[PDB]
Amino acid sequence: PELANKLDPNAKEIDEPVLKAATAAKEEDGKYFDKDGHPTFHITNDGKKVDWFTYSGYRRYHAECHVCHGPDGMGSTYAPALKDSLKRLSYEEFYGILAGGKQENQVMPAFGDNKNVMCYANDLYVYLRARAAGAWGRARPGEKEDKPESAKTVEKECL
């Protein structure tokens, strides 16, 4: 139905198993979920329009993560490429690394005490999930879906 994606027909780096596991099964007010109950994306009109959290997660990524992890999750001299990471990592593995950090030299900081990051954890997951599935390229999202009212009142409370 309207839960289905419609991506770039000239999308050359799609990962079908990762994309299939990210198919939207449910929608609760601008928020999409997969059959496992975990957040997911929703691309529309041939790879140009994106759901709110993919849009929002891009911006939070550029703000708070791009420095060590490179543009579009491509990787850097000090940190791995998160577009490949979210092929293996489950939603809760990602959330735990983000909240508590990871070490080996090589340190990923714990962001748990950083509400400007933790309150957008689902946004970061969704966007980087869309990268891992090859459902979004290395562009900035243009057309988006409207920001839902649900997001604004929990953004209120979380911050």
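A residue's number is simply how far along the shown sequence it sits, counting from 1.
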What stretch has the higher average Cα B-factor here, 32 to 40 or 119 to 127? 32 to 40
Which is higher on average in the deposited entry, the C-alpha temperature factors of 22 to 30 or of 105 to 113? 22 to 30
If I read the C-alpha B-factors straight from the PDB entry, which of 46, 92, 64, 51 is highest? 46
Quick one: classify residue 77 as lowest, middle or highest third of the chain based on its Cα B-factor. highest
